[PDB]
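[1] fold the following.
(7 chains, ligands or ions: 27)
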Amino acid sequence: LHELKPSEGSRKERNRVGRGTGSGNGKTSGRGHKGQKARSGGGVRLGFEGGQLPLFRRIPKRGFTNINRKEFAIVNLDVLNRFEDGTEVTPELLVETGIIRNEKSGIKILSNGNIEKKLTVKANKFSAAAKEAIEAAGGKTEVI
Amino acid sequence: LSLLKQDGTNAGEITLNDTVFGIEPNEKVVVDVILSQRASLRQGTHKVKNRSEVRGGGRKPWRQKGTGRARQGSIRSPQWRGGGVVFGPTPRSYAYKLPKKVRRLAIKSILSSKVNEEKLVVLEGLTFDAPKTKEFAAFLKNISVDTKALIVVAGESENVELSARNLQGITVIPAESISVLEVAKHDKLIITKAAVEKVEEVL
Amino acid sequence: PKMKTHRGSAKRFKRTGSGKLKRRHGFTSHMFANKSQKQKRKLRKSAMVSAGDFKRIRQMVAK
Amino acid sequence: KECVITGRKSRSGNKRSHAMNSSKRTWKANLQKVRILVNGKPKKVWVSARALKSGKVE
RNA sequence: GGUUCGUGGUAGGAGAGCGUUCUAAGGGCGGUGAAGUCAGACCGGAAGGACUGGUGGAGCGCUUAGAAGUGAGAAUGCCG
RNA sequence: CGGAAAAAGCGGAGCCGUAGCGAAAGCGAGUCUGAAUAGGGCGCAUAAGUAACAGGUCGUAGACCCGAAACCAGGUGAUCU
RNA sequence: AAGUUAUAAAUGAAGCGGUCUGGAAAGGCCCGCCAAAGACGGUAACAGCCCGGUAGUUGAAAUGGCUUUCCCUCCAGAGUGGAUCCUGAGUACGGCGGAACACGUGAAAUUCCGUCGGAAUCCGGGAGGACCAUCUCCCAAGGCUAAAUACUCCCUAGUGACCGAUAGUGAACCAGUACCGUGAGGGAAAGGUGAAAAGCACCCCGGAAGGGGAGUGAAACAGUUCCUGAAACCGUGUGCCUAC
Ligand SMILES: [K+]
Ligand SMILES: [K+]
Ligand SMILES: [K+]
Ligand SMILES: [K+]
Ligand SMILES: [K+]
Ligand SMILES: [Mg+2]
Ligand SMILES: [Mg+2]
Ligand SMILES: [Mg+2]
Ligand SMILES: [Mg+2]
Ligand SMILES: [Mg+2]
Ligand SMILES: [Mg+2]
Ligand SMILES: [Mg+2]
Ligand SMILES: [Mg+2]
Ligand SMILES: [Mg+2]
Ligand SMILES: [Mg+2]
Ligand SMILES: [Mg+2]
Ligand SMILES: [Mg+2]
Ligand SMILES: [Mg+2]
Ligand SMILES: [Mg+2]
Ligand SMILES: [Mg+2]
Ligand SMILES: [Mg+2]
Ligand SMILES: [Mg+2]
Ligand SMILES: [Mg+2]
Ligand SMILES: [Mg+2]
Ligand SMILES: [Mg+2]
Ligand SMILES: [Mg+2]
Ligand SMILES: [Mg+2]
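    Numbering: from 1, shown residues only, chains lettered A, B, ... in the order given. Ligands and ions are numbered 1, 2, ... in the order given. Please see the structure below:
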């Protein structure tokens, strides 16, 4: 404990402003001279422009949030190479393996990548291409 | 490593896993966990009064103009003698915890550092018929410890804590409590067979 | 406490995969007789918030 | 001042205007000072028209 | 350790450090005289640090890390 | 929960990221526009994040320090006038 | 009634070890010892072994509380039918005017207040964010309800990488005082002899104060604002310069 030497660049001496002119952070303390920004609490809102109309007020709102929106956990093909062929994949299996944690509103299997292995898969929705690839490897598909 | 009775006689050897005791230690990780623990210990019971908490104020002591005195607004402002403090301390928790994996690594590493430095002492058992700091100290010569040390126990061990607690450089713990800080705070590590087995199955 | 999101900005910006910010054009309400069709077929599109403006507004719509 | 039966009385709220200027006002109860039998005897008491339109004997 | 080009500087950016209070650990001096204070013609590239002597008459440094009520010459500053 | 104002262990609920596009339905390495298979926008191709620490800065909080004249609320005062 | 606890207490190991410095030893050096006791504090200086004590083990007459036991007190609960009957009325809702719900009348559900009106009541009634139907869930207009939560004028034991007398409570001292104000009300300053008063017998100057000796003490340039005693400031003396 009399030898502790933490990692280099993990720790760094706090700048201390306003304790001399040789610090370069002295008198004005990095604020300059005499404005709204040199004051305590000085500054303005994050989107203020001097009374010029802000960007957001010069452009229009758009849209609506749907309430019955369905967002689905996105599974690719690359993961499914982890399993020996002829077995059955399921949501419960994909959660147990930690590939998935949140079955958001369902599962969806997308054809990003490739499989090399014959598999029966079952899920809520498939993409056309992933269905094609699974079948082309001799796999099969069920819709839950 | 060697294994020796509390008589100090050779009892044989232990195989200690290189999963724990055989890795290269990460001294940087160990430092960080030491500081985490030492900083979680601190109590943070500091406090000071500002111009709103100091008793009084309210009256402007003189007119803004026409006295020749400097403009003032309270008898308790910071620049004033019995006045407020400007920011100062406020009660804080300093405690932070690094990730569990980092902390496990820290313990594995500090233990293997003790191994490499040849400051483990592993013994078949450790018991006392009754609490007796005489006997405990005599054991601490029958093994040439003679420095600051941490005893680790899980067995029967009915009286060892008491027979050690008066000694200043000595500490004892029940083998779950083994901390990075409590280890590094000492020089040598006196771990019984059952305690090391328990630490193994934990780690 | 946590920062409050700017809601008038949330209602009219949108993020991308690069973390940039998408917006809609803004002369597109009520005077289309005085705007060429070349102008309108472009204003009906989207746009990217510029760098100078993003540097100003990013911390209002970080979430 | 309150109805002896259902203790309704002056509560308070805002008076709003066009332009939604908010000012402060009170809603008093329609309390009428009339005889009733508080018990086996009579007494002249504040009572409310709501409570009076059926059920209480003058 | 060498060669070349450089080495005025306000606001301001970047870096490296001096020093103070406290903590932990290690290791130490100190009634044969601590901190502090007074004087000196010593030291270091700077902030600053030693040595000697006097006064004082019981605590204090060093090292590596850490945390801050961290360093004043001005505020018609505040108190004495 | 556990326990020394500890340390582990437990706790994976949730958070971030891994897939984006679209007002949305929805489709998905594509998607929206559009009649389009066209072009173009955003994405992918062109794959590194995450947790914690420290430094910088920003926001909310008095927020860097001191300083108004004034405003409001509860009270004290007609021993002067 | 029993037990336990709190409000007094008791017992409690081991060095007067030798020697050096010293005013004094708790400190240096060499020897030992105790420890379920090396917490703290004090003692002529830094003490586990000097003192009070601590660990541990015991104990409470009386009173108070808590936990158990007893007494005491008080205690109809399942089923099948379902002729009929009951199931919170000037409320529930609605209009107007306001308010609370994150929700600013907004498409404004839900809850509440004032005033107008004003239901069905079991083939009944409400809610599911206007509303209608269907479905689902539920019975208002009556009441009670511990625990987890919030705070600390207080008590007990304790902690602090909190202050250390311009700090820290305004207040370490007879401080909400003195003082100011008619009043409400504002509101200070101010700590340290020495281990022990051993607090200067006696002499001299002097009316006293104050001194100089003497003496006490390690020390009085520690003498009753008394540890240290910086700087501004005031002076005494003097080495060098200074009135074309
Ligand atoms: K000195
Ligand atoms: K495209
Ligand atoms: K002690
Ligand atoms: K409403
Ligand atoms: K319901
Ligand atoms: Mg710096
Ligand atoms: Mg800088
Ligand atoms: Mg500069
Ligand atoms: Mg300056
Ligand atoms: Mg200026
Ligand atoms: Mg200017
Ligand atoms: Mg400026
Ligand atoms: Mg304008
Ligand atoms: Mg105030
Ligand atoms: Mg330069
Ligand atoms: Mg300061
Ligand atoms: Mg009056
Ligand atoms: Mg002394
Ligand atoms: Mg309704
Ligand atoms: Mg209404
Ligand atoms: Mg409202
Ligand atoms: Mg109504
Ligand atoms: Mg609905
Ligand atoms: Mg002082
Ligand atoms: Mg004070
Ligand atoms: Mg003095
Ligand atoms: Mg001359």
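[2] now name the helix or strand holding the closest residue to residue B:50 other than its chain neighbours.
    Nearest residue to residue B:50, sequence neighbours excluded (CB to CB, 6 or more residues apart in numbering or on different chains): residue B:84, at 4.5 Å. C-beta: built from backbone N, CA, C; applies to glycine. Per DSSP states H and E, residue B:84 falls between elements, in no helix or strand.
[3] contacts only, for residue B:84.
    B:49-54, B:76-78 (CB atoms under 8 Å, 6 or more residues apart in numbering or on different chains).
[4] strands along the chain, start to end?
    No chain was given, so I picked chain A. Assigned by DSSP state E, the strands in chain A fall at A:73-75, A:88-89, A:107-109, A:120-123, A:125-126, A:140-143.
[5] chain D, not that one
    Under DSSP E, chain D gives strands at D:11-16, D:22-27, D:31-36, D:43-48.
[6] and those strands: which comes nearest residue A:52?
    When these are compared by CB to CB, strand D:22-27 sits nearest residue A:52, at 32.3 Å.
[7] is RNA strand G contacted by the closest one?
    Yes - counting by CB under 7 Å from any atom of the strand, contacts between strand D:22-27 and RNA strand G involve D:22, D:27.
[8] thinking again about what came up before, would you mind checking the contacts of residue B:84 for buried ones?
    When the contacts of residue B:84 are checked for burial by 16 or more other CB atoms under 10 Å in any protein chain shown, the buried set is B:51, B:54, B:76.
[9] let me know the closest of the residues you listed to chain C.
    Within the buried ones among the contacts of residue B:84, proximity to chain C (CB to the nearest CB) peaks at residue B:51, which comes in at 24.3 Å.
[10] and residue A:135, what does it touch?
    With CB under 8 Å, 6+ apart, residue A:135 has these contacts: residue A:141.
[11] quick one: it and RNA strand E, what's the gap?
    According to CB to the nearest atom of the strand, to the nearest Å, residue A:135 and RNA strand E sit 59 Å apart.
[12] try residue B:143
    19 Å.
[13] and if you look at residue B:153?
    From residue B:153 to RNA strand E the distance is 21 Å (CB to the nearest atom of the strand).
[14] now residue A:123
    With CB to the nearest atom of the strand as the criterion, residue A:123 and RNA strand E are 50 Å apart.
[15] give me the number of residues near residue D:9?
    As a burial measure, residue D:9 scores 15 neighbours (other CB atoms under 10 Å in any protein chain shown).
[16] which residue packs closest to it, ignoring adjacent ones?
    residue D:2 (4.0 Å).
[17] same deal with residue C:21?
    Nearest one to residue C:21, counting by CB to CB, 6+ apart, is residue C:49 at 4.1 Å.
[18] just to check, that neighbour is in contact with residue C:24?
    No - Residue C:49 is beyond contact range of residue C:24, at 10.8 Å (criterion: CB atoms under 8 Å).
[19] for the two, indicate the residue with more neighbours.
    Neighbour totals were compared for residue C:49 and residue C:24, and residue C:49 leads with 22 against 18 (other CB under 10 Å).
[20] dump the buried ones among the contacts of residue B:84 to CSV, plus secondary structure and distance to RNA strand G.
    Listed next are these as CSV, based on DSSP: H, G, I helix; E, B strand; the rest coil; distance: CB to the nearest atom of the strand, whole Å:
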residue, secondary structure, distance to RNA strand G
B:51, coil, 10
B:54, coil, 4
B:76, coil, 7
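[21] now, among these, which is nearest to residue B:119?
    Within those, distances to residue B:119 taken as CB to CB reach their minimum at residue B:54, with 54.1 Å.
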